[PDB]
Amino acid sequence: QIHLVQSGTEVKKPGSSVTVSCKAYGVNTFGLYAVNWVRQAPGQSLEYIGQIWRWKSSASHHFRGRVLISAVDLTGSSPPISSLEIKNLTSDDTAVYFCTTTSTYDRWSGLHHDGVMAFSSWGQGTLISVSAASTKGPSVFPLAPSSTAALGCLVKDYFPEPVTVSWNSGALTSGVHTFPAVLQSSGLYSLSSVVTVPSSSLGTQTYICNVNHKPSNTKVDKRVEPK
Amino acid sequence: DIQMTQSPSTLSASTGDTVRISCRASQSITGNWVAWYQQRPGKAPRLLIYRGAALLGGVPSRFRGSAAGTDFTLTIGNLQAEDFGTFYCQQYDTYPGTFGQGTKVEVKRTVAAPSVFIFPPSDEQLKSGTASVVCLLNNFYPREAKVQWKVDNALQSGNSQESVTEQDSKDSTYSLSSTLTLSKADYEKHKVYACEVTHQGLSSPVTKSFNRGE
Amino acid sequence: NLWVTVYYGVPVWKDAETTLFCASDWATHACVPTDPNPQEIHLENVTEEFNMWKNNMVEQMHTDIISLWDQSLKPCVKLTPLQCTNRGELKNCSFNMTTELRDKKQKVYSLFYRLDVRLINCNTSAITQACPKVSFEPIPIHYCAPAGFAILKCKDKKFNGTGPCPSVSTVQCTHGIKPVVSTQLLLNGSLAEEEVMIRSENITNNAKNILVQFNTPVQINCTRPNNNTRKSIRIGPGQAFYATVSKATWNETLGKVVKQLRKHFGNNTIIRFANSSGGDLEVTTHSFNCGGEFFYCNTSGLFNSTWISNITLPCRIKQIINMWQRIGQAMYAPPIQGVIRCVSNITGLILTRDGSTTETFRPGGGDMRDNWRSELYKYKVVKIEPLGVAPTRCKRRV
Amino acid sequence: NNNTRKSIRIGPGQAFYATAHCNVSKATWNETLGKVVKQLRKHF
Amino acid sequence: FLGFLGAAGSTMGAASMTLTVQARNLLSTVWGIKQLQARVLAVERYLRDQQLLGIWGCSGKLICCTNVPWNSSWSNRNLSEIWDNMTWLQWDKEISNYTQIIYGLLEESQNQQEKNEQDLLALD
Amino acid sequence: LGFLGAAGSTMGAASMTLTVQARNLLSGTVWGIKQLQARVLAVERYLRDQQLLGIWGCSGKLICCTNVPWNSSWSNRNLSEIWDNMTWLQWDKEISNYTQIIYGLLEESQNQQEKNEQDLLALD
Ligand SMILES: *[C@@H]1O[C@H](CO)[C@@H](O[C@@H]2O[C@H](CO)[C@@H](O[C@@H]3O[C@H](CO[C@H]4O[C@H](CO[C@H]5O[C@H](CO)[C@@H](O)[C@H](O)[C@@H]5O[C@H]5O[C@H](CO)[C@@H](O)[C@H](O)[C@@H]5O)[C@@H](O)[C@H](O[C@H]5O[C@H](CO)[C@@H](O)[C@H](O)[C@@H]5O)[C@@H]4O)[C@@H](O)[C@H](O[C@H]4O[C@H](CO)[C@@H](O)[C@H](O)[C@@H]4O[C@H]4O[C@H](CO)[C@@H](O)[C@H](O)[C@@H]4O[C@H]4O[C@H](CO)[C@@H](O)[C@H](O)[C@@H]4O)[C@@H]3O)[C@H](O)[C@H]2NC(C)=O)[C@H](O)[C@H]1NC(C)=O
Ligand SMILES: *[C@@H]1O[C@H](CO)[C@@H](O[C@@H]2O[C@H](CO)[C@@H](O[C@@H]3O[C@H](CO[C@H]4O[C@H](CO)[C@@H](O)[C@H](O)[C@@H]4O)[C@@H](O)[C@H](O[C@H]4O[C@H](CO)[C@@H](O)[C@H](O)[C@@H]4O[C@H]4O[C@H](CO)[C@@H](O)[C@H](O)[C@@H]4O)[C@@H]3O)[C@H](O)[C@H]2NC(C)=O)[C@H](O)[C@H]1NC(C)=O
Ligand SMILES: *[C@@H]1O[C@H](CO)[C@@H](O[C@@H]2O[C@H](CO)[C@@H](O[C@@H]3O[C@H](CO[C@H]4O[C@H](CO)[C@@H](O)[C@H](O)[C@@H]4O)[C@@H](O)[C@H](O[C@H]4O[C@H](CO)[C@@H](O)[C@H](O)[C@@H]4O)[C@@H]3O)[C@H](O)[C@H]2NC(C)=O)[C@H](O)[C@H]1NC(C)=O
Ligand SMILES: *[C@@H]1O[C@H](CO)[C@@H](O[C@@H]2O[C@H](CO)[C@@H](O)[C@H](O)[C@H]2NC(C)=O)[C@H](O)[C@H]1NC(C)=O
Ligand SMILES: *[C@@H]1O[C@H](CO)[C@@H](O[C@@H]2O[C@H](CO)[C@@H](O)[C@H](O)[C@H]2NC(C)=O)[C@H](O)[C@H]1NC(C)=O
Ligand SMILES: *[C@@H]1O[C@H](CO)[C@@H](O[C@@H]2O[C@H](CO)[C@@H](O)[C@H](O)[C@H]2NC(C)=O)[C@H](O)[C@H]1NC(C)=O
Ligand SMILES: *[C@@H]1O[C@H](CO)[C@@H](O[C@@H]2O[C@H](CO)[C@@H](O)[C@H](O)[C@H]2NC(C)=O)[C@H](O)[C@H]1NC(C)=O
Ligand SMILES: *[C@@H]1O[C@H](CO)[C@@H](O)[C@H](O)[C@H]1NC(C)=O
Ligand SMILES: *[C@@H]1O[C@H](CO)[C@@H](O)[C@H](O)[C@H]1NC(C)=O
């Protein structure tokens, strides 16, 4: 079966370059399959960057000349692989980047139209984050209950994504809403994670959230005592 | 370039329903070089339909597409739980291939009033020199709702940010976070902090608030 | 104001599989002879993608050989009515044999090889001797496409059998393809121009065989140097049983193969050549027919090497064969009077691979379809679709 | 009956393979026959 | 004399100059039984194409003018976009959806309606 | 209305659907040899019918006008009677005596004298 695996997530600063790899397992050759690279901006629509078909590299006019897409055929050691290199990153390039494999053996397939084609195989995705900020552990502050009631944690000023939030070391899972990250004016990420529990259990049970940030290798445990 | 204008942007349906998503192109695509994709949040898109009426190997029979001139329609009869998500139309008649804005397919639920909570800034956060105010909206439907912040009974804008969960699989409700951030010196100066929420499920705008100190 | 118009003969073809007939300049007789000068038409600006691994021609050629060969033992004498001493490659076995008459019997002195012997055939299958009149001499065979079809040929000097072909031509008939039944070593096959090339259904997978094509041919002589004799013992009525490489050139070739292997396994890694690990005797040995007697020769003397980044072989004979793993059918080869000598060109290898920097390569075997693929890589069958409709702004006269 | 067959070797190659009421419902058959006899009708 | 399928990689306009080369080479005891049904298929493969050519008001080889107006929905391309910047292999791919529509429209399109009126017209 | 759809209709109405029986008139190891002779027979019965259309001035499918006068002795009838009150099966039986007279009359009275006429006529 065809499995497309891409490189790991990478953090880069503006003006830098970057090369993302894509191992095509199950693909027999790039002579009978074409590779298309598409990025999806955060919460946005998808955008065609380029392709490589019949061993011919190409890129869209918007990205024309700014990107280099190479691929190498199968070897006895490793399956065939394509590479998407993007020079001079900007914050508008922060997006997820996808590998595409579509069979090209048949002329009538209707998947492809003279090099312009639909996308039959896809990959896990590579998050390319472009920001001037450097890695930073999150400062965690408690959202305390007062006056059924709700409480939470405030995870603020962490870069890059992601942070994982758990409660009572995983004991508390019901009613837990961990909001997605927002990117601050300071080019930093911040989110909050809240819980709804019966107010009658506020003094009985103790509530702790567990934040972990592997990029900074930071892990904090913050007690949310009510006020 | 071809411009794919997708419609509608969001639709709600239930299991077993029959649902239709339209996608118009700036030019007319005779060759029917248009594909449809399903993307659940976080995972990679799946190619469902290519060339209009062609189903990709393994895609259920209940997905069928129709192409006439400029307009294109993806039809999902007998809507299933696995089918909910976001859908994109893609043309590949002229270089470069262009996708649509997308169409969100949410679950139907009875309209639900939001549980509103307001959270003042942590005392420890104050020793850092910054203050963040959070207003929580929880378990509500539908997703259209507007929050404004009232400080000393005065409107505040440009400094509030919002974050929203994806629809809960079990109750088909949403949850929203409104984070208001400002300087430490300004906070002590302001007299009182309030959160007023306007939503369909509430008869009149519900406002939940706190004055500095409790 | 534009209107449809019908065009006939428009150059439009699609991939297709169909029955192909034969062309031959005794099995070859009854096969429609070839045109004194074929026509080859180049397809300018045309790029066609080939997939030698999914070719129907090979499997139509393979199914043709199997089913045409059994017809070569149908009008031949059946050997159903069939004490030894000698190491000795052959053994002088005696046995009682029926004569013309059911009652009378006959004692006989015959000479069979150690591998044919009760004979091994009875445990597995019945047996039929070949007709001594027909010959197994390889003669070139052309495979042709009938009307409404065409065959595309990749006019590329270096081609691994897959991907796009920028220079395509078409012919009604393939070239004279040798159906030479050889194992491990390809004999009298197509010679690659300039650099040698390597082909495997899956390079990553070791289990898939690895076909090598020489550009420099390798001369090879084998000889059955004993003057044998034939006494036609009467096993009536009517039916009758007929009772009884250069080391200087090989390293030049191999030295090109390591360069041929190139980046497939890496430049740095060492390349080791080792004998086959085992299996059926048709795999372990460079088995082929020569002069009517079937040769089995050990190639361990060619495949013993360890190549850093920077010649006679033994031979034995089997009197009977069950080629193509066909059970129920067995052919006895009636020996030939006199000494046998052959001189053929080694044109390619079939190689397998093992499961750091250690690469082991063995001589090839298994399906004989791979050797046909050493000839049918340049070809694929297409169906001609000559009807076209298009607008031209002409209207029919009324 | 759970039978077992033993392949005795009448070679070469060839091999010979050496080595029960049946039921129908009656409630339907009486019903079926009565339609049959009426089906004959005029013929007899 | 560019040969059989010679103009395959050429534009549609130029490939219609060499039509008569792919049309003349369109018809061009066991074991031998496998060459027979190839001959047999060859003629039913050829009569099938010419029955259409017959049901359609053509028969006459190579080129044929019609009274079917090309609705735009089939292509919407200026003939220059088709004859001078496209090959037959590409064109057959675009219209693949509407081809059997055209085939049906042809026969009904004139001959059913066209041969009948000639019957009326040829009365007087 | 499909293949053989108008068998029970009047001759006048049955001639509208000629292209449905005409398009389905060719319809696009032992034991399998039984299916081979069938499709071999299929073409020689189709060509035998179309050889006549060839030596007749037809070629063009389905309907064809001629110059052979309809002789009174053969099925002298009201045109309205023939086409508005008769089926083809009925008609083929009534003209049955005079059919091969017409077949022979067609090949000679019409095309043999007509193309040699044109041969003489196209001299200037
Ligand atoms: C069976 O047989 C078959 C044939 O018999 C055989 O097929 C052959 O397959 C091989 C693959 O193994 C093919 O060779 C490959 O070709 C690839 C494509 O090469 C073309 O494209 C590149 C790039 O083109 C862009 O740039 C040029 C500028 O020069 C432009 O002019 C182009 O138009 C194009 O620009 C367009 O696209 C841009 C974006 O993509 C747009 O922005 C722009 O606007 C345009 O739209 C060209 O450079 C190539 O030209 C070069 O070579 C030709 C000669 O062929 C010269 O004439 C020319 O002047 C150039 O020198 C060509 O046009 C190559 O990408 C690929 O190269 C890789 O492999 C070699 C080793 O073999 C490396 O040295 C090389 O660096 C590449 O490796 C990179 O990628 C791998 C994997 O991705 C990485 O692991 C590796 O690290 C490396 O990355 C490095 O570079 C990156 C930057 O690129 C950097 O980010 C990395 O960090 C790292 O530093 C290879 O050569 C060959 O063509 C086939 N043969 C035929 C006949 O077609 C098949 O394999 C056989 N199969 C088997 C199983 O045996
Ligand atoms: C020619 O021969 C070569 C071998 O020489 C052969 O290459 C092999 O191809 C297969 C697929 O065709 C490859 O197998 C896949 O490998 C991926 C990735 O494996 C790496 O990463 C994992 C995780 O870190 C490691 O465990 C592993 O050791 C490797 O390092 C796997 O992810 C695949 O399994 C997934 O898919 C299966 C589908 O049936 C599931 O059952 C399974 O549970 C896995 O699912 C998970 O991952 C999915 C993403 O892959 C995800 O979508 C799911 O939701 C779930 O999370 C699969 O095993 C194999 O590695 C290749 N080996 C080599 C040496 O290349 C070629 O295929 C062959 N060529 C042809 C044409 O056949
Ligand atoms: C323009 O013209 C193109 C042709 O050029 C049309 O493309 C065809 O689209 C149809 C869509 O229905 C395709 O048919 C479907 O193919 C599916 C996949 O086929 C592949 O995989 C299977 C399984 O491995 C193989 O058997 C097959 O050979 C292919 O390799 C099938 O899965 C579909 O069948 C399923 O759905 C039906 C639903 O009724 C069930 O009844 C079946 O049992 C089964 O579950 C279906 O057959 C077809 O392959 C395409 N052809 C080509 C040549 O591309 C476009 O549709 C047309 N455009 C428009 C707008 O009409
Ligand atoms: C990377 O590309 C950006 C454009 O995306 C370049 O930014 C431009 O830089 C010039 C001067 O260098 C300015 O005049 C433009 O206004 C800039 N445009 C934008 C959109 O930023 C940038 O120069 C490039 N980086 C490098 C190192 O050359
Ligand atoms: C196989 O035998 C042939 C002879 O039939 C050898 O060819 C001879 O080679 C020598 C020199 O090697 C020449 O002098 C002779 O003129 C050649 N004769 C013929 C008829 O070709 C050949 O060398 C042998 N192969 C090997 C590997 O030794
Ligand atoms: C490969 O071709 C060679 C010819 O180059 C064949 O050698 C001939 O073999 C026949 C009998 O098999 C002899 O009658 C000829 O005298 C031989 N000619 C030469 C020049 O040696 C050889 O038989 C072929 N090999 C196979 C396996 O068919
Ligand atoms: C076709 O037959 C009808 C009879 O079915 C003929 O109609 C008769 O015509 C004559 C005068 O021409 C009248 O006097 C009769 O009264 C008519 N009878 C009926 C029943 O209509 C008709 O003439 C015939 N058609 C032709 C062209 O001769
Ligand atoms: C062709 O155009 C007509 C209008 O003249 C329209 O009814 C028809 O839908 C078009 N063809 C197709 C295949 O849609
Ligand atoms: C009319 O047909 C008959 C045959 O039925 C024929 O004998 C006769 O000659 C024909 N009439 C004339 C005027 O020739």
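Conventions adopted
- Note on numbering: residues are counted from 1 along each chain in the order of its written sequence, which can differ from the entry, and residues with no coordinates are hidden.
- To read the labels, note that chains go from A and ligands from 1, taken in the order they are written.
- In this entry, the chains presented are a subset of a larger assembly, and the associated values cover only that subset.
- Side-chain numbers here rest on the full set of heavy atoms in the structure, without hydrogens or water.
- Residues with missing side-chain atoms are left out of burial classes, side-chain pairs and their counts.
- Should any heavy atoms of two residues lie within 4.5 Å, those residues are counted as being in contact.
- Aromatic rings from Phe, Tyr and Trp, taking only the six-membered ring of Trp, are treated as a pair when their centres fall within 6.5 Å; an angle between ring planes under 30 degrees marks them as stacked, one over 60 as edge-to-face, and anything in between as tilted.
- Here a strand is any run of E in DSSP of at least two residues, a helix any run of H or I of at least four, and the numbering for each starts at the N terminus.
- Over a ring means this: the NZ of a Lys or the CZ of an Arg is within 6 Å of the ring centre and within 35 degrees of the ring normal.
- Ten residue types, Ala, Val, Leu, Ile, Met, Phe, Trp, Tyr, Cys and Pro, are classed as nonpolar, four, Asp, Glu, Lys and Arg, as charged, and the remainder, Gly among them, as polar.
- Here a polar contact means two N or O atoms within 3.5 Å. Within protein one must be a hydrogen donor candidate and the other an acceptor candidate, and residues neighboring in sequence count only if both atoms are side-chain atoms.
- Any pair of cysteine sulfurs within 2.5 Å is marked as a disulfide.
- Any carboxyl oxygen of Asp or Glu within 4 Å of a side-chain nitrogen of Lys or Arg constitutes a salt bridge here.
- Here, any two strands with at least 2 DSSP bridges between them count as paired.
- What counts as an axis is a line fitted to C-alpha atoms, over the stretch in contact for a helix, and the angles between N-to-C directions run from 0 to 180 degrees.
- Orientation categories follow fixed angle ranges, with anything under 35 degrees roughly parallel, anything over 145 roughly antiparallel, 65 to 115 roughly perpendicular, and all other angles oblique.
- The crossing is said to be left-handed when, going from far helix to near helix, the turn is anticlockwise and less than a right angle, and right-handed when the turn is clockwise.

K.L.:
Explain the arrangement of the chains residue by residue, including any values.
P.N.:
The chain pair with the greatest number of contacts, out of seven pairs of chains in contact, is formed by chains C and E. One thing to see here is that chain B and chain F don't touch, and their nearest C-alpha atoms sit 25 Å from each other. Contact between chain C and chain F is absent, and the minimum C-alpha spacing across the pair is 11 Å.

K.L.:
Got a sec to walk through the packing of aromatic side chains? Specific residues and values, please.
P.N.:
Aromatic side chains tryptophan 70 of chain E and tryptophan 91 of chain E sit 5.7 Å apart centroid to centroid with 20° between the ring planes, which places their arrangement in the stacked category. With a gap of 21 residues between them, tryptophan 70 of chain E in the loop between β1 (63–69) and α4 (79–83) and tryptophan 91 of chain E in helix α5 (residues 88–94) connect regions that are remote in the sequence. Here the aromatic rings of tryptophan 83 of chain E and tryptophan 88 of chain E are separated by 6.2 Å at their centres, their planes lie at 75°, and the arrangement is edge-to-face. A connected cluster of aromatic rings, assembled from ring pairs, spans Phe98, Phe119 and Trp122 of chain A together with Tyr37 and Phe99 of chain B. Its guanidinium or amino end placed over the ring of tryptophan 33 of chain B, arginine 51 of chain B lies 3.7 Å from that ring's centre, counting from NZ or CZ. Positioned above the aromatic ring of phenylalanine 21 of chain C, the side-chain terminus of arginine 39 of chain E is 5.5 Å from the ring centre.

K.L.:
Give me the lowdown on the interface of chain C and chain E, citing residues and values where you can.
P.N.:
Residue-level contacts link 48 residues of chain C with 55 residues of chain E. Residue assignment for the side of chain C that touches chain E shows that the elements contributing at least two residues are β1 (3–8), β3 (21–23), β4 (41–43), β10 (149–154), β27 (379–384) and β28 (387–391) of chain C. At six residues, β1 of chain C tops the list of elements feeding residues into the side of chain C that touches chain E. Of the residues that constitute the side of chain C that touches chain E, the class distribution is 31 nonpolar, eleven polar and six charged.

K.L.:
How would you explain the interface of chain E and chain F if you had to name every residue and give the values?
P.N.:
Taken together, the contacts link 15 residues of chain E with 16 residues of chain F. Mapped by element, the contributors of at least two residues to the side of chain E that touches chain F are α3 (33–55) and α6 (99–121) of chain E. Tallying contributions element by element places α3 of chain E first for the side of chain E that touches chain F, with eleven residues. Of the residues contributing to the side of chain E that touches chain F, the split by class is seven nonpolar, four polar and four charged.

K.L.:
Lay out the environment of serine 374 of chain C with the relevant residues and their values.
P.N.:
Residues and elements named next belong to chain C. Assignment of secondary structure puts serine 374 in the loop between α5 (369–373) and β27. Taking the C-alpha atoms as reference, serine 374 lies 51 Å from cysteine 394; in sequence the two are 20 residues apart. From its side chain, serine 374 meets the backbone oxygen of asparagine 371 in a polar contact 2.2 Å long.

K.L.:
Residues and numbers for unusual backbone geometry, please.
P.N.:
In this structure, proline 160 of chain A follows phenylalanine 159 of chain A across a cis peptide bond, with omega equal to -10°. When you line up the elements, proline 160 of chain A lands in the loop between β15 (149–158) and β16 (164–167). For the peptide bond that leads from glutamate 161 of chain A to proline 162 of chain A, omega is 0°, which places it in the cis range. Locating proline 162 of chain A in the fold gives a position in the loop between β15 and β16. Residues other than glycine seldom take positive phi values, yet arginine 54 of chain A does so here, at roughly 55°. Of note, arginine 54 of chain A is situated in the loop between β5 (46–53) and β6 (56–59). In this structure, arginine 262 of chain C is a non-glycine residue whose phi angle is positive, near 50°. Turning to its location among the elements, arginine 262 of chain C is positioned in the loop between α3 (247–261) and β18 (270–273).

K.L.:
Give a detailed account of the state of the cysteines, specifying residues and quantitative values.
P.N.:
One disulfide in the model links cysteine 290 of chain C with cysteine 342 of chain C; its S-S distance is 2.0 Å. For the disulfide bridge between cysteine 290 of chain C and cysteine 342 of chain C, the dihedral angle about the S-S bond is near 105°, and by the sign convention the bridge is right-handed. Linked covalently through their sulfurs, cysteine 394 of chain C and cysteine 65 of chain E form a disulfide whose S-S length is 2.0 Å. Here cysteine 394 of chain C and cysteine 65 of chain E share a disulfide; its torsion about the S-S bond, -110°, makes the bridge left-handed. Here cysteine 394 of chain C, found in the segment after β28, pairs with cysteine 65 of chain E, found in strand β1, and the two come from separate chains.

K.L.:
Go over the pattern of salt bridges with me, naming the residues and quoting the values.
P.N.:
Across the salt bridge formed by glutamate 48 of chain C and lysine 380 of chain C, the nearest N and O atoms sit 2.6 Å from each other. The closest approach of N and O atoms between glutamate 114 of chain E and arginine 396 of chain C, which form a salt bridge, is 3.5 Å. In this pair, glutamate 114 of chain E sits in helix α6 while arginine 396 of chain C sits in the segment after β28, so the two residues belong to two different chains. One network of salt bridges, in which partners are shared, links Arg39, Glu47, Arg66 and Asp93 of chain A.

K.L.:
Got a sec to walk through the sheet that holds strand β7 (residues 67–72) of chain A? Specific residues and values, please.
P.N.:
All names here are of chain A. Strand order in the open sheet made by the four strands is β1-β3-β8-β7, with antiparallel pairing throughout. Each edge of the open sheet carries a strand with a single partner, namely β1 (3–6) and β7. Averaged over all pairs of adjacent strands, the angle between their axes in this sheet comes to 15°, without regard to strand direction. Judged from the four bridges that link them, β1 and strand β3 (residues 18–25) form a sheet pairing that is antiparallel. Paired with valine 5 across the bridge in β3 is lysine 23.

K.L.:
Summarise the packing of α3 of chain E against helix α3 (residues 32–55) of chain F; cite the residues concerned and give the values.
P.N.:
Where α3 of chain E meets α3 of chain F, the axes come as close as 11 Å, and the angle between the chain directions of the two elements is 40°. Viewed along their axes, α3 of chain E and α3 of chain F adopt a mutual orientation that is oblique. The chirality of how α3 of chain E crosses α3 of chain F is left-handed. Across the interface between the two elements, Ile33, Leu36, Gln37, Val40, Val43, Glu44, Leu47 and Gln51 of chain E from α3 of chain E touch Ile33, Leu36, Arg39, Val40, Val43, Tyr46 and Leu47 of chain F from α3 of chain F. In the contact of α3 of chain E with α3 of chain F, the residues fall into eleven nonpolar, two polar and two charged.

K.L.:
So what's going on with the environment of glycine 50 of chain A? Which residues, and what values?
P.N.:
All names here are of chain A. Here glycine 50 lies in strand β5. Spatially, the C-alpha atoms of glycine 50 and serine 60 are 5.7 Å apart, while their sequence positions differ by ten residues. In this view, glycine 50 contacts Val35, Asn36, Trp37, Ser58, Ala59 and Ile69; residues no more than four positions away in its chain are not counted.

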